Amino acid sequence: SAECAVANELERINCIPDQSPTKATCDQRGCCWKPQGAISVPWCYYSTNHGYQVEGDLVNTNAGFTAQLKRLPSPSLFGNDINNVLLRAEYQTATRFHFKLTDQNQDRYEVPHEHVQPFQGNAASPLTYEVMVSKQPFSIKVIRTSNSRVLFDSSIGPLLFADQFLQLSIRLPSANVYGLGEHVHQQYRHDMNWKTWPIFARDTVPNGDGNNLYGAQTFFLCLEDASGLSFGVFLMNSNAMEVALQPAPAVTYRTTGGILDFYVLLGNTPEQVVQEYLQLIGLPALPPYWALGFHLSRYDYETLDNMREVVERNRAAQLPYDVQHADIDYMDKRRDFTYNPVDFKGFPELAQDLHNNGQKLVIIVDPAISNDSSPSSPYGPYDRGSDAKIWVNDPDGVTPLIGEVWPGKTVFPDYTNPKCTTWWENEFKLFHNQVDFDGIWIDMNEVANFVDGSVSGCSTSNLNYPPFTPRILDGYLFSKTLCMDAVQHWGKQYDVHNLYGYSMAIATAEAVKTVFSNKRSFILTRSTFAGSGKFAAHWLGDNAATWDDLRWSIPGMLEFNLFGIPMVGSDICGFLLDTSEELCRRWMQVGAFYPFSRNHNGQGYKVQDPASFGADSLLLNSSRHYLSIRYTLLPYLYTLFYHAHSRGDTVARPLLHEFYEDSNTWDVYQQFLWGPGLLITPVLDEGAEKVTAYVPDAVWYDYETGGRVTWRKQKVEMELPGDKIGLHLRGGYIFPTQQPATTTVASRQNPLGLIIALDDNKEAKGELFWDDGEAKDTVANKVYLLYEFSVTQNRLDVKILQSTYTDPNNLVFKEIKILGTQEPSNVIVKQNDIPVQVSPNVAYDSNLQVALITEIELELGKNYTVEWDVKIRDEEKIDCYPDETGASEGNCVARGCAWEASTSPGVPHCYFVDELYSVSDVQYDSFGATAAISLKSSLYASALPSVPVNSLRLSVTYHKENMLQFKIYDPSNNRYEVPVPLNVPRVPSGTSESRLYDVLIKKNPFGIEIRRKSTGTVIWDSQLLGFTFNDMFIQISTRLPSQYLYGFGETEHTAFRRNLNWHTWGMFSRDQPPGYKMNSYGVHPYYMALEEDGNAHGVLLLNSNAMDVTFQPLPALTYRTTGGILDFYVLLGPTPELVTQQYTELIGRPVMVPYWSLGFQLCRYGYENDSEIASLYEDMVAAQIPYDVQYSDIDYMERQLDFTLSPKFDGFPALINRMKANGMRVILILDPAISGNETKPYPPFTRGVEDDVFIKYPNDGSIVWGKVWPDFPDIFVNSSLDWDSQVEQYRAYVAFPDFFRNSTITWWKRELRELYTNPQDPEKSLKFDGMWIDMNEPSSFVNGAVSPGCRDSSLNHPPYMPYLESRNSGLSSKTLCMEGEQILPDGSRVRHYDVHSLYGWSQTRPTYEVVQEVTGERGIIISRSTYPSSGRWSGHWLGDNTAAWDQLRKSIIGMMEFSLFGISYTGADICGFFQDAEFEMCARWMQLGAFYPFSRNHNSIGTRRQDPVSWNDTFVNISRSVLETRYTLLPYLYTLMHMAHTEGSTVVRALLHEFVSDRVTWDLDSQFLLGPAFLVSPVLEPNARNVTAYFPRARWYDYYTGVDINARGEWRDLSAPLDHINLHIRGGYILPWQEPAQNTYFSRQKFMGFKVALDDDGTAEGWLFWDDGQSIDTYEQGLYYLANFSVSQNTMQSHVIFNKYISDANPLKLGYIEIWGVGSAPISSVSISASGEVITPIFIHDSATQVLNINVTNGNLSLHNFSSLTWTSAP
Ligand SMILES: C[C@H]1O[C@H](O[C@H]2[C@H](O)[C@@H](O)[C@@H](O[C@H]3[C@H](O)[C@@H](O)[C@@H](O[C@H]4[C@H](O)[C@@H](O)[C@H](O)O[C@@H]4CO)O[C@@H]3CO)O[C@@H]2CO)[C@H](O)[C@@H](O)[C@@H]1N[C@H]1C=C(CO)[C@@H](O)[C@H](O)[C@H]1O
Ligand SMILES: *[C@@H]1O[C@H](CO[C@@H]2O[C@@H](C)[C@@H](O)[C@@H](O)[C@@H]2O)[C@@H](O[C@@H]2O[C@H](CO)[C@@H](O)[C@H](O)[C@H]2NC(C)=O)[C@H](O)[C@H]1NC(C)=O
Ligand SMILES: *[C@@H]1O[C@H](CO[C@@H]2O[C@@H](C)[C@@H](O)[C@@H](O)[C@@H]2O)[C@@H](O[C@@H]2O[C@H](CO)[C@@H](O)[C@H](O)[C@H]2NC(C)=O)[C@H](O)[C@H]1NC(C)=O
Ligand SMILES: *[C@@H]1O[C@H](CO)[C@@H](O[C@@H]2O[C@H](CO)[C@@H](O)[C@H](O)[C@H]2NC(C)=O)[C@H](O)[C@H]1NC(C)=O
Ligand SMILES: *[C@@H]1O[C@H](CO)[C@@H](O[C@@H]2O[C@H](CO)[C@@H](O)[C@H](O)[C@H]2NC(C)=O)[C@H](O)[C@H]1NC(C)=O
Ligand SMILES: *[C@@H]1O[C@H](CO)[C@@H](O[C@@H]2O[C@H](CO)[C@@H](O)[C@H](O)[C@H]2NC(C)=O)[C@H](O)[C@H]1NC(C)=O
Ligand SMILES: *[C@@H]1O[C@H](CO)[C@@H](O[C@@H]2O[C@H](CO)[C@@H](O)[C@H](O)[C@H]2NC(C)=O)[C@H](O)[C@H]1NC(C)=O
Ligand SMILES: *[C@@H]1O[C@H](CO)[C@@H](O)[C@H](O)[C@H]1NC(C)=O
Ligand SMILES: *[C@@H]1O[C@H](CO)[C@@H](O)[C@H](O)[C@H]1NC(C)=O
């Protein structure tokens, strides 16, 4: 039916909570029966026929509205249903709603709360909430206006309102619910899974059976979401009740009487909700200072002497101890207001003894008074009480009810009776006159009774046996308490039971006012109600000495802070059972940080006071150590109690109250805070020396050392030995301290101190409340000191806010401890701006960054300012004067910098001390962060090179889970941005949950911090001095995550890893032969860094302007650019390979090369004619040395003029065609510069002056003329002139095309199309297969332009010249003018000054496109000048090397660096370009060079021939051998290129890419990998016939023998004769290979094979990519073969991923399979499964070498038909 229509089984409200459900009761109650459901879900639920309806409308009133409600016709559940109910709502405050539901005709019981008085005000306006009332069925709804969230919804279930049964169900916005009490909940956040909690005060042990305990708390807090927005609910009802939780989420209150009186409290944070609640029920009492000390107690010390012995022992141990408790043993026969005259003779003297030692006495007092009084043995308390008629009475209202407790048969005082309060006061006065005690411990105030009801039992009434009972222990209300019909002043026990303890605390608080003189005392109670914390402290009851109770103590303590009873703790070491030393040790450690810290032992158990465990025990030493820490921090703790008392803050706090933005804190219950500042992490498990703890997102300092921890927003395993607890100070807070003593009396006479814990912005704040520590109402009477402390910019402000109290002890602040600071210097103290004559001492620990300032005397009660300067250590110094000339003390100071002529090499004399920019408007959004940066120091910014930029914007974008961008730019003016397109997501995906990183914007100074979320490692930190942003000078610095950095180019690095020891490297494209600290052909502002744990990241700066980078040993890196904006991209890894795959995804994946380009190549600068190339070709073929590509340098051209053919090369076209017919490929070189001095028709220049393609001067529009290769026509070029004379007399004037321009692109494609197919003579055509574009830096042999020269000196000689080669010659050195103008594709004008380093990049793509068009095949481009994204279309060679021995290792470093740059096709000129080759060097270089991806032997003009057929037959044999090896491996190499192209894997690989765990590989650059599996270990030294190589922890097989050298993690010297190169295959890999031939054309027709290298587990994996090796976009158009191959359990399987290339019509023939590491057992049989056929191949197994060779050449097997191969061993 539609009545039973409950959408969701989780929204069912249990209709039969009182018994097991049957369809019979569900039918009588008119509900809905459905036994379909999960566990714990109701089967009988309420219909919609149950509830009330609004009659009429909502009549409005002065405070809110009133509504009349009539009951809907439904069956009665428990009888006596109230038909007419009145709703009275009130808008008391902007953040406090109150509504009440009561009977309309009769008056019912309402809680007489002492603090909460009837509201008489009018409705508040505006409100932060809205209230909605539904008419039928009736429901109330409270909605937060700011976000329209429903906080409180009563529609989920019906309103039930009967005489002895009331119910209201509320749907909640979230499942984050806290509170409800008193119970052992076991966890802090509630389990909303069908759990019911009874609330009815009862004397019973807390044990985790979900029973009701000593108090009654109905308040709960709910955290809406991670904004902090929170609300609370409070029900003012004292009757017996239960609260049921359901997973909707919803809360149901079920009570046995009274009214429904609700308060809804709103707050922006959890703490504000608590504050609102406490302001309504009553703010907690401020305890006496001595009560914050440590307390000792036992039930049954037996005699006074035993008690004294305990006192003396603990004193002798010098344990911090201030209060002794006396339990019922001190009394006479367990009677109150008495002491035993025999066993406790001298009790008053004990009190005096404690006082003479600065200790206090707390005595116990029970509510029950012995009724045993006779004339012969009078008992005064009873007689006086009976005379006053102040007892709880039987139902007749006259006869005192008789119960039983400790003294036997007892009467119970009625504390709700005012006469009782007077009696109570008087009794305390008479006993205080006998024994001078300091505080009162009230117990058994539930009220407890050893019998049920009374000695005579309870009557059969509906009060003692109500129709509904709330799941209370034992199932009757009058169990171990009084009869429910018992009569008190406030009402029947049925209504006021839960108020008994509350009422007694009130009466006791009144007594204290009279007995103690103007002294706030201390009241400790067990039974509590809402508002009890205004009078008394609370303890969590009779726990047991178990690890569970230790664990449960923390959530209990946290809840009571919510309830407004912050002075709370559990019995340390357990009340019941004997404690172990370990348990008591780990409890004393955490117990030291309970707000109420007391050790309390039960009767008949082993002693457990700390000194009992022995004077040298670890427990005693540990207890003394952490109790001393507690005493040091009492001023801090006391101030927290002040905030609790004055405002309603929580003292012991949950982590979600401070860090609610992290959902990893919403359920933390094994850690807690004191206030906002002190994190406590205990060990709560037996035998544990480690804990898993959450460290929230803040700066944290180890309390004991003062050092900063590296944890932040991460789960950590904390090492906490038996004597250690986790204590951490939060940054941004100041902690008042006092030198500790054994008592609070003694400590308060000692000097004060400050701990200043600095945050990210280098700031902190604190407070200090200080009074007499004892007097009453010291806050309302305003007799106190209040200080506010603040630190900013190295200045401490000590400000008094209140000063009406004077301390008699002349206290002073003597020490200031600063955490997270640099060494303070020149400390100055002022008192109201007047200098104090003092010379403070500073002790500093540089390792911990902790400073101690002593010999200061800041008198308590006065205002002070303390200022200091900071000293910068040499390692943290940043060059303030990196300029080329003008360094001096004078010019340094003019920049606002500091000068120090230190001697340490590398350290700068002039360094920054101040910041130029400030940060503001820091906003953190879901997909990024933004901030405004504003110039503060205009004068000093203007002393640095170039004009400052005033306004800057910082934009952080979270692109992906592993990639982010941060940009700093000028929002007011468009500045140059690099026009190189990058690949970023269209919509951000760096979702907070998935992303691998966090970003933080810091102040003082401005800095961006990026952290790896998983380990908390900071990979980028710009919080260094030096940030400058001028028009032509921008500086930025970062701290490095370690000392391992790789990248930056292009230059000749000494090693693969950078030397971070004061070294500067310039970047600006230049024609410079590679050298030390010299800028070369390309620019790659990219680096990869290794973190100390082996995680890796990468950083790109997208800037093309001239720049340099500096490395300091901090470690730190600084970037200094001459223009542009700051545009950084960060890749998160975490692996070196994943970083490169991420980097290449951003900048573009490497180009797929043609198969023939992987063959060996020959070139020489200085071929005399076409016949010399023909002779070399024939000789190579004759010698059978494989080679695929022949090149020609600028010799085939007429006078080096581009797009011409020299007469000496008239036969070159025919030769090209002949070579091609035999399978050879030709690459030609093209230069960019075009001659303007031709007398005969020269189409290139004429058609380019017509199209306007050349770079011209900014405004006039003349061509910027340079000089490069073309000679003048009709002159005689003597070859005996020097280089300088030839450039001045023989070189023609040349014009440089602008390759950014559309017209230039069109003109360049036409010239190349006509070079391929000559439009005039169709015979002078040159049918090339690829192009070599050289001299594109652009390079000129003059500086700037032909003389007269350049024009704008401002751009050619810039304000800041980076550390470039020929630094004094300017940016125009060996290049074009910087004023030259270029035009982007969209028409925008740019200066050569901005785009110089993009010149080669801009030429590359057009060249690539035209080659693919004229040849119809993919082709290959090789450029000298490269920029990030250049590898998408071209390869790169490492430039003009020299024939020298050091150049072979430099080649290995260059190839590994270009692999990180995303250029896979690279190599060096084999045998050197400059100087004559030597035989041995050339032989070894041939062996190394055979494993370059780009493997070319190239030589300069003038030198001896260095090609393989130029030496002797020994060389021919070495060359042939190694090159045959190369051609065998081409399928493997080709597959690697495919993987680079498609996935962004690296081809040439440093060992650290595959073995990052071994730190030995972090410095290796003399060996390398091809892909993951092939290790190359060359000889790079002369005369050597051996090589020392490292073998990472893996199985490594000798390539030539198949035998595994056993070297796992070891160095090994390997034999390396002149005709040998050491090659090794890693186990676990399958390598495809093919039989070598003269060139790739013939080789591809031969048989293909597999080398299968098994790992230790006998497994291997590998890949094969195969296509036609030359067509365009074979993978994109789907004409290829791709397969993976695997071996396990002696079976090799083929898994074809894709195949539309290899077929029966086009077979790839499989011939050979070699399996290595098959074991020593003989191989009996080998079988191949192919095309549903079994082929038995020919096989040979060598048991000694463990190599199995399988030959399948006879079976005509094409690879696409191969399924699996299986081999079986001899048993
Ligand atoms: C001192 C104490 O005296 C009275 O308590 C009695 C109680 O009435 C008995 O029920 C009995 O307690 C047993 C528990 O009921 C029973 O469950 C079992 O408890 C287990 C728990 O279930 C386990 O979970 C826990 O791990 O271990 C305990 C025991 O190991 O066994 C209990 C027997 O130990 O005995 C106790 C006495 O031990 C009285 O009712 C209590 O209120 C009273 N405590 C207050 C009085 C005094 C004396 O001045 C103060 O010192 C205390 O601080 C007060 O709280
Ligand atoms: C093609 O050129 C070769 C080589 O030229 C010589 O070496 C050049 C670097 C340069 O110095 C030239 O002036 C040289 O002539 C020519 O072969 C040489 O021919 C001369 C006779 O003219 C002979 O004495 C040399 O031994 C030859 N050198 C070699 C290395 O073989 C050749 O004649 C030219 N071919 C044509 C068709 O002109
Ligand atoms: C590997 O070589 C070392 C070094 O050999 C010398 O240096 C080479 C670069 C080359 O110039 C060789 O001709 C040199 O002999 C061997 O160690 C030397 O062995 C000789 C022979 O007794 C001895 O006299 C030298 O003092 C050694 N020098 C050094 C530097 O150790 C080494 O034995 C070879 N490794 C193995 C295991 O064969
Ligand atoms: C203490 O209280 C008890 C209970 O009220 C009193 O004892 C009862 O006294 C009557 C006679 O008046 C006896 O018949 C009962 O047997 C007693 N009760 C029980 C349960 O045994 C006792 O008089 C009181 N003591 C005083 C007032 O000194
Ligand atoms: C090929 O040339 C090499 C180097 O010119 C010759 O090897 C050298 O021979 C001399 C003796 O004639 C030895 O003293 C050197 O140590 C050798 N140098 C090496 C090995 O690099 C080699 O003999 C020649 N082979 C021939 C002529 O076929
Ligand atoms: C080799 O290729 C096969 C497909 O032929 C890959 O198989 C898939 O592997 C993923 C996990 O990586 C599984 O979720 C898929 O179900 C697999 N598909 C099939 C068809 O089995 C395999 O991962 C590749 N790697 C190797 C060497 O086995
Ligand atoms: C692989 O097996 C083939 C047979 O299918 C072998 O080929 C023969 O080799 C012998 C010895 O050189 C020659 O006499 C025959 O003329 C070869 N026949 C063919 C079909 O070429 C081949 O030698 C084996 N390869 C290896 C390395 O063992
Ligand atoms: C080339 O230069 C040499 C060296 O000075 C000179 O002797 C010779 O005559 C020149 N050749 C010419 C100009 O024919
Ligand atoms: C070179 O190899 C050939 C062919 O194996 C061999 O005959 C010759 O002896 C080897 N040595 C030299 C120096 O020619």
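In what follows, residues are counted from 1 in the order of the sequence shown. Note that ligands are numbered from 1 as they come in the structure, with each ligand's atoms numbered from 1 the same way. Hydrogens, waters and symmetry mates play no part in the numbers below; they use all other heavy atoms, side chains included.
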Are there protein heavy-atom neighbours of [atom] below 4.0 Å?
atom: atom 25 (N) of ligand 7; value: yes
atom: atom 7 (O) of ligand 7; value: no
atom: atom 1 (C) of ligand 7; value: yes
atom: atom 18 (N) of ligand 7; value: no
atom: atom 13 (C) of ligand 7; value: no
atom: atom 22 (C) of ligand 7; value: yes

Notebook entry, point to check: With a 4.0 Å cut-off, would you call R1608 and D1656 a salt bridge?
Noted result: yes
Check: Charged N to carboxylate O under 4.0 angstrom, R1449 versus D1565?
Finding: yes
Pair [X] + [Y]: ring centers closer than 6.0 Å:
X: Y1680; Y: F1698; value: yes
X: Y1532; Y: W1663; value: no
X: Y1046; Y: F1056; value: yes
X: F1650; Y: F1685; value: yes
X: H1053; Y: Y1076; value: no
X: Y1534; Y: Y1155; value: yes
X: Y1629; Y: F1574; value: no

Identify all pairs of nitrogen or oxygen atoms, one from ligand 9 and one from the protein, separated by less than 3.5 Å, and list them with distances.
unit_1   : atom_1 : unit_2 : atom_2 : d
ligand 9 : 2 (O)  : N1517  : OD1    : 3.0
ligand 9 : 2 (O)  : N1517  : ND2    : 2.3
ligand 9 : 11 (N) : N1517  : ND2    : 2.9

Next item on the list: Could you pull out all residues at least two apart from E1480 that satisfy side chain to side chain donor-acceptor pair (under 3.5 Å)?
Entry: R1585
List ligand 3's nitrogen or oxygen atoms that come under 3.5 Å of a protein nitrogen or oxygen, with the partner atom and distance.
unit_1   : atom_1 : unit_2 : atom_2 : d
ligand 3 : 2 (O)  : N1586  : ND2    : 2.3
ligand 3 : 35 (N) : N1586  : ND2    : 3.0

Note to self: Under 4.0 Å from a heavy atom of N1751: which atoms of ligand 7 are those, numbered in the order shown and with their elements?
What the structure shows: 1 (C), 2 (O), 3 (C), 22 (C), 24 (C), 25 (N), 26 (C), 28 (O)
Margin query: Just to confirm my output: which protein heavy-atom neighbour is closest to atom 27 (C) of ligand 7, and how far is it?
Written below: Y1712 CE2, 4.1 Å
Notebook entry, point to check: So is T1753 close enough to ligand 7, meaning a heavy atom under 4.0 angstrom away?
Noted result: yes
Indicate yes or no: at least one non-hydrogen side-chain atom of [X] is less than 4.5 angstrom from one of [Y].
X: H1553; Y: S1459; answer: no
X: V1734; Y: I1728; answer: no
X: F1473; Y: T1442; answer: no

Next item on the list: Mind jotting down which residue pairs meet the side-chain hydrogen bond (donor to acceptor under 3.5 Å, both in side chains) criterion with at least one end in residues 1685-1700? Sequence neighbours excluded, please.
Entry: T1691-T1766
